[PDB]
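Coming up is one lone chain in structure tokens, specifically the form deposited in one PDB entry.
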């Protein structure tokens, strides 16, 4: 696959854009996990699938019994890996672009984390869209976080919900979803 458009998908707590703590997500938002699953799995073309790219630490954080993520091509990046097709669902690679050379019959490509991957790949011009779940809490400072997004948002434009809807197709997008003390909304951003 040559120069595909790539999307980053992440959930962050405003205003600092915290995304983790000691290797885990600092929240368990049931509806959000379901949205992640649907957006990253659904395709429109016929015999295609989407590809999810992640850092080695992220891969290792998924219980072995629950990986690879089903119904998607999984690509794991490590600076120590040789470009290798493990099986039909798993690819090992040392760079995003090399990994993409190994794929065919992929519709969309998503970067799913973690922090290091995100903070590095945001500056790669292959990244054309950001799907950011913006999470709000009454006392954000009470949530322990050690990992944050460092995205140059001044170079990106948040699109209206209509554009997000068009992006996701059929997926139901509820507004101001509440789960415990968290309130969240899905958003789409494109480069200026």
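By rigid core we mean the largest C-alpha set that fits within 1.5 Å across both forms. Residue numbers count along the first chain shown, from 1. Residues that one form lacks are left out of the comparison.
This protein has a second form, the form deposited in another entry, left out of what is shown; the following refers to that one.
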item	value
Conformational change between the shown form and the other one, one of 46, 138, 63, 160, C-alpha moving 2 Å or more after core fit	46
C-alpha of residue 119 off by 2 Å or more between the shown form and the other one on rigid core	no
Yes/no, residue 97 Cα shift of 2 Å or more between the shown form and the other one with rigid core fixed	yes
After core alignment, residue runs (3 or more) whose Cα moves 2 Å or more between the shown form and the other one	45-47, 95-97, 99-105
